[PDB]
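Protein chains in written order, with the deposited numbering: chain d, 1 to 257; chain a, 283 to 376; chain Z, 196 to 260. In this text, a Cβ means the ideal position worked out from N, Cα and C, and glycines have one as well.
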Amino acid sequence: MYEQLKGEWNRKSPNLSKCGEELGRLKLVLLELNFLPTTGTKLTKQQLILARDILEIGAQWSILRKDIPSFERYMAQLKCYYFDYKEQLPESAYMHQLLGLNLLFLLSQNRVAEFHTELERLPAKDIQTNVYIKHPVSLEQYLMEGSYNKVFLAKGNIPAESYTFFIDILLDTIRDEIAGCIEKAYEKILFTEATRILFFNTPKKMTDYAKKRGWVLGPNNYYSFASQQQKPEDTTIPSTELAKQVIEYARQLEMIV
Amino acid sequence: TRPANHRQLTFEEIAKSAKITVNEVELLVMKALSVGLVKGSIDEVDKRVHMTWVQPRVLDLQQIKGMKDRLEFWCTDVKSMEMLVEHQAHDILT
Amino acid sequence: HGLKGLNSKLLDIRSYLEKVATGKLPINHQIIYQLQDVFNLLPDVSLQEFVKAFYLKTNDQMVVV
């Protein structure tokens, strides 16, 4: 029953229009029943188990079309199906890898606190196995180490782990946080770290990242003549400001009487 | 004429002021300082003055410094801060 | 000092035109400039070199405070 949603599984979605039709039929499934208003009627929850599989493939389509807001809605919905108590829910091969894909996605949106929250989210998966889950946890160790040093290793770690679209997102989320350092003439080459943005000693491809918006991100002084960083410094003129702070604290000690 | 800021000036300006060579002014500023008509503090880093007591024979122009350029305007600022002390501790004033 | 001291200085600042208009003279009574210059023992503007001393008055203010 509820075909087309499960009907196109063999032809996943070569056409983006098929994904749009799938969304409309999924909306009709929402018309039939809410995602999980209550834990009662486990048979309706069994129908939702079929829905989980179509959503899991649908999330892969969202990554294939690089959807962000729709993917966010689908990812939250997939997490809610895992949220459902549904003890009857069977182990899903799609579920294990996609939770790992979600862990990689958290790195893409720079939700570092959430990334550890996801590492916590599957303690039994993390244990030692779940190689799909393992690649983002290894990437997390690399990320605190600085993804730039091991980014080449991370890129070649798996040619295909069902993360082929996700590794493209990982290339998109290459860290440029190393930008707060001297570069261009003063450092000249930062290719030694191996991050894609600072990779390449001086060619136009390196120049495109290096001289983007004039200089990498583009705010602040030009890196070639940059004084190491913003170099804001501090002064003892604040004593007058501290005198203003002194008025408030001292008056209060007297105010108490 | 200049209190602080512009009062501090380069040795070369004093060299022009004493109509003497800049190398000579290193020797010359000391002679001018020696007269010590007015007690002050003098730094020879740039021969900047930033000195203490001075007696002007008369004030320049219409005493523009004496108006909101220096005096009066600062006094207006103080009373607003005095009001801030009152606001900070109105109950204590009683 | 904030208001009454300002008021006497304000009378002289008004006098720059008002002393010309009705006062004996803005440029008169040596002490008008001489005493004011004595009051301006501190420079009155910009660098000042008083609370901006840093190594001097500022460092001492912290030790005593």
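Margin query: I need the boundaries of the alpha helix (DSSP H) containing d:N149, first residue and last residue.
Written below: Annotation: the continuous alpha helix (DSSP H) that includes d:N149 extends over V131 to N157.
Item checked: Where the segment 234-249 of chain d meets chain a: residues whose CB sits under 8 Å from a CB there -> Here the close residues are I247 and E248.
Notebook entry, point to check: Could you give the distance in angstroms between the alpha-carbon of d:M75 and the alpha-carbon of d:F165?
Noted result: Using only the alpha carbons, I get a separation of about 15 Å.
Note to self: Can you look up d:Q97 in the DSSP assignment and give me helix, strand or coil?
What the structure shows: DSSP places d:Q97 in the helix class (H, G or I) of the three-state scheme.
Next item on the list: My understanding is that Z:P238 touches a:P285, with C-beta atoms under 8 Å, so please give their C-beta distance in whole angstroms.
Entry: The Cβ separation is near 3 Å, so the contact holds.
Checklist line | Per-residue contacts from a:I374 into chain d (C-beta, under 7 Å) | finding: The answer, in chain order, is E254 and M255.
Notebook entry, point to check: Starting from d:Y85 and walking both ways along the alpha helix (DSSP H), at which residues does that stretch end?
Noted result: Run containing d:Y85: none; DSSP gives neither H nor E here.
Note to self: Measuring straight from C-alpha to C-alpha, what distance separates Z:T253 and d:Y186?
What the structure shows: It is roughly 38 Å from the alpha-carbon of Z:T253 to the alpha-carbon of d:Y186.
Margin query: I'd like to know whether the C-beta of a:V304 is nearer than 8 Å to at least one C-beta of chain d.
Written below: Residue-level contact check: a:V304 does not touch chain d, since none of the beta carbons of chain d fall below 8 Å from its beta carbon.
Next item on the list: Please classify a:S362: is it buried, with 16 or more other beta-carbons within 10 angstroms of its beta-carbon, or exposed?
Entry: Flag for a:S362 reads exposed.
Note to self: Counting C-beta neighbours from all protein chains within 10 Å, is the total for d:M144 16 or more, i.e. buried, or is it exposed?
What the structure shows: When all chains shown are included, d:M144 counts as exposed.
Next item on the list: Consult DSSP for Z:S203 and reduce its assignment to one of helix, strand or coil.
Entry: In the three-state reduction of the DSSP assignment, Z:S203 falls in the helix class.
Notebook entry, point to check: Taking the continuous alpha helix (DSSP H) assigned at Z:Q231, which residues delimit it?
Noted result: In the DSSP assignment, Z:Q231 falls within the unbroken alpha helix (DSSP H) covering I226 to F234.
Check: Does the beta-carbon of d:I197 have 16 or more other beta-carbons within 10 angstroms, so that it is buried, or is it exposed?
Finding: When all chains shown are included, d:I197 counts as buried.
Margin query: Only counting the same chain, and skipping five residues up and downstream in sequence, which positions put a Cβ closer than 6 Å to that of d:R65?
Written below: The residues are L16.
Check: Are the C-beta of d:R251 and some C-beta of chain a separated by less than 8 Å?
Finding: At a cut-off of 8 Å between C-beta atoms, d:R251 counts as an interface residue with respect to chain a.
Check: What does a:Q370 reach in chain d if we use C-beta pairs closer than 9 Å?
Finding: Close to a:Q370, with beta-carbon spacing below 9 Å, are these residues of chain d in chain order: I247, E248, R251, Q252 and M255.
Check: Does the distance from the C-beta atom of a:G322 to that of a:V311 stay below 8 Å?
Finding: 8 Å or more divides the Cβ of a:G322 from the Cβ of a:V311.
Next item on the list: Just the chain a side, please: which residues come within less than 7 Å of Z:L198 by C-beta, in chain order?
Entry: Using a Cβ-Cβ cut-off of 7 Å, Z:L198 is close to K361 of chain a, given in chain order.
Item checked: Continuous alpha helix (DSSP H) stretch holding d:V112: start and end -> d:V112 -> alpha helix (DSSP H) spans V112 to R121.
Check: Does the separation of the CB atoms of d:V151 and d:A210 fall below 8 Å?
Finding: Cβ atoms of d:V151 and d:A210: not closer than 8 Å.
Check: Under 8 Å between C-beta atoms, does a:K350 make it to chain Z?
Finding: A Cβ of chain Z is located within less than 8 Å of the beta carbon of a:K350.
Check: So does the segment 112-120 of chain d actually touch the segment 146-162 of chain d, counting three or more Cβ pairs closer than 8 Å?
Finding: Not touching, per the Cβ criterion.
Next item on the list: Would you mind stating whether d:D172 and d:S227 have Cβ atoms separated by less than 8 Å?
Entry: No. Outside cutoff.
Checklist line | Contact with chain d by a:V367, beta-carbon distance below 8 Å | finding: So, interface residue.
Note to self: Could you check whether Z:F249 and d:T236 sit closer than 8 Å to each other, using their CB atoms as the reference points?
What the structure shows: Yes. Within cutoff.
Next item on the list: Select from d:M95, d:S138, d:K45 and d:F199 the residue whose C-alpha is nearest the C-alpha of residue 292 of chain d.
Entry: This structure gives no information on residue 292 of chain d, because the portion of chain d shown stretches from 1 to 257.
Notebook entry, point to check: Nearest-angstrom Cα distance between a:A314 and Z:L242?
Noted result: One C-alpha to the other measures close to 24 Å.
Notebook entry, point to check: Would you report the Cα separation of Z:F245 and a:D325, rounded to the nearest angstrom?
Noted result: Taking the straight line joining both Cα atoms gives about 15 Å.
Item checked: d:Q60 in three-state terms, based on DSSP -> DSSP places d:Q60 within a helical segment (H, G or I) once states are collapsed to three.
Next item on the list: Measure from the alpha carbon of d:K134 to the alpha carbon of each residue in d:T38, d:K244, d:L99 and d:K205, then state which is nearest.
Entry: Here the closest residue by C-alpha is d:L99.
Check: Could you give the residue range of the alpha helix (DSSP H) that holds d:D172?
Finding: Where d:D172 is concerned, the enclosing alpha helix (DSSP H) starts and stops at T164 to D172.
Check: According to the neighbour-count rule (16 or more other Cβ atoms, all chains shown, within 10 Å of its Cβ), is d:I127 buried or exposed?
Finding: d:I127 counts as exposed, since fewer than 16 other beta carbons sit within 10 angstroms of its beta carbon.
Next item on the list: List the whole-angstrom C-beta distance separating d:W61 from d:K27, where the pair is believed to meet the contact cut-off of C-beta under 8 Å.
Entry: With 8 Å as the limit, d:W61 and d:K27 do not qualify as a contact, their Cβ atoms being about 16 Å apart.
Check: To which residues does DSSP link a:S299 through a beta bridge?
Finding: Looking at the DSSP assignment, a:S299 forms no beta bridge with any residue, so it has no partner.
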